[PDB]
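Only one chain is given next, in structure tokens, and it is the form deposited without 4-nitrophenyl phosphate.
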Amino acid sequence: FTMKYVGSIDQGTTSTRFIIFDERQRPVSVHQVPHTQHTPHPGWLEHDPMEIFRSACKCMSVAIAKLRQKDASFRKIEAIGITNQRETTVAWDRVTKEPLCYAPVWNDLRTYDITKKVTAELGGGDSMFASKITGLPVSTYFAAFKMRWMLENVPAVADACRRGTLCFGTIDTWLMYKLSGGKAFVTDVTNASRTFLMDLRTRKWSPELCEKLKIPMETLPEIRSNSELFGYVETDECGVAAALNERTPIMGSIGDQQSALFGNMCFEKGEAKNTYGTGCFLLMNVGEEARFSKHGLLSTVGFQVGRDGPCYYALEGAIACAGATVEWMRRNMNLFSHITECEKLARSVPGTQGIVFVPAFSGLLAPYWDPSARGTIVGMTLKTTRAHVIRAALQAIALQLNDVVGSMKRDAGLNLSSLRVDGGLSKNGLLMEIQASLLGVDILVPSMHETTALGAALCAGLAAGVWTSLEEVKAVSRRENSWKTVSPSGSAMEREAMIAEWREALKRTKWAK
């Protein structure tokens, strides 16, 4: 009979995408719509919630139209999954169905003042004071502090709060709310874990933290798993309820990085995913028992398939400048013109030969949180060329991830089994070879470019019966979607010497204000 299709909304920081998958886990139809990156002040970033909603709607109707062209028997989508940029918080009124203000992005720094105040007055100076509850440090990124800011600075948000019509929610909630025409007010365990308001292990809202951070629990949605019935697409914007035909259940919701972990089949303990973009996030599945960090890392939910399915937890490490570093060498420094020359020049030299380039342009994150760190090159002679500098940048990305991986291994008591990588820099062959040799792990690069989107589609498809088990999911994946493997090709001393050289260079990165 006809193919079963699963649709995935991939709502990213810069754009929204709807991707329709079939039973082969193959992306058969795609549409993308970008949205506005509002920066009203320095360090501020916010998105127009209604623009994001309309973008998703357009993506759906266009992708549906394109598929019916390829398959005329395509009448319905079995279920829809959502995957989203995390932490970004929307504030809306439950009567007008409208947002009270623009949504502060995960990246936004406006919450700095509140962040300081929380650590000092509630944490007594310790930013890790609630880390055994949330798995998180006090930071500008997490949803709670953005909520507090909107209560303190936006009169309309406080007006909705004082009346009792205020709703707070991350992008998954907002989308599910508007897609349902105001009928659903829900969130998944992964998104909820990024709010600073959820107990990580019990996966329930914490009244202790909600009251301390002055957030009314009346403004918070219901927490569900990643794979179950969330609601139904009940909106004719932009003709989506029509474009859909059979009434379509929303059955998947999962944070973007977690969706990548899931979509790359990282089901076992020690299986990890590094998602490349401007920076990169590294997530490792640490098993069913939550692991807490002594070395800067985040403790988060990996995935939970079903209301009482096993919850797999993860450790998370972020480094800020990856793809941005390679482009920096291009648009800012003129080291190359085409991004194909980047690897060509880097491979044209036997080594860095004395130099180390620490591309800490936005400070040191990884495990060693040092906001004073800056971009720095040491050890240069007159024999130093752009080729050695580019290769040093590639070595640096590898060494930075090694610092994260090392920290993850110690925090989890678990070796990195294998590493999946996708995104802009996963194409760079030399970077992969250096990373594989330095980490001592196999690097798997998916030939299918839509593994982030696939995660939410897998969550929905499992809930909708398109796929019946993770073992079937894995079997279909192996049959349909190939991958390149990059194995270690370096020596033991070659690694130790490179790290020792790296450690010496880090000492000189401090620059500060």
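Note that residue numbering begins at 1 and tracks the sequence as displayed. Take the two forms, superpose them, and find the largest set of C-alpha atoms that agree within 1.5 Å; that set is the rigid core.
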Aligning on the core, I want to see which stretch wanders more in 9 other deposited structures of this protein. Is it 11-19 or 488-496 by C-alpha RMS? 488-496
Stretch farther from the shown model on average in 9 other deposited structures of this protein, with CA RMS computed after core superposition (24-32, 38-46): 38-46
With reference to the PDB entry, specify whether the mean Cα temperature factor is higher for 124-132 or for 254-262. 124-132
Per the PDB record, is the mean Cα temperature factor higher over 448-456 or over 481-489? 481-489
Among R201, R224, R86, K97, highest Cα B-factor in the entry goes to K97
Between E237, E228, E316, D188, which one tops the list for C-alpha B-factor in the PDB entry? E237
Considering every modelled residue of the chain and its Cα B-factor in the PDB entry, is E496 in the lowest, middle or highest third? highest
Assert third(CA B-factor, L151) within chain per record equals highest
Please say which third, lowest, middle or highest, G164 falls into when its CA temperature factor is compared across its chain. highest
Splitting the chain's C-alpha B-factors into thirds, which one does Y141 fall into? lowest
Quick check on the deposited entry: does the C-alpha B-factor of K178 sit in the lowest, middle or highest third of its chain? middle
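Note that the form deposited with 4-nitrophenyl phosphate bound isn't included here; everything after this is about it.
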Here the chain appears without its partner; judged in the entry with it bound, the stretch of 241-249, 213-221, 279-287, 166-174 with heavy atoms within 4.5 Å of 4-nitrophenyl phosphate is 279-287
Counting any non-hydrogen atom inside 4.5 Å, which residue from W106, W205, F292, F185 sits next to 4-nitrophenyl phosphate in the entry with it bound? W106
Can you tell me whether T14 touches 4-nitrophenyl phosphate? I mean in the entry with it bound, with a 4.5 angstroms heavy atom cut-off. yes
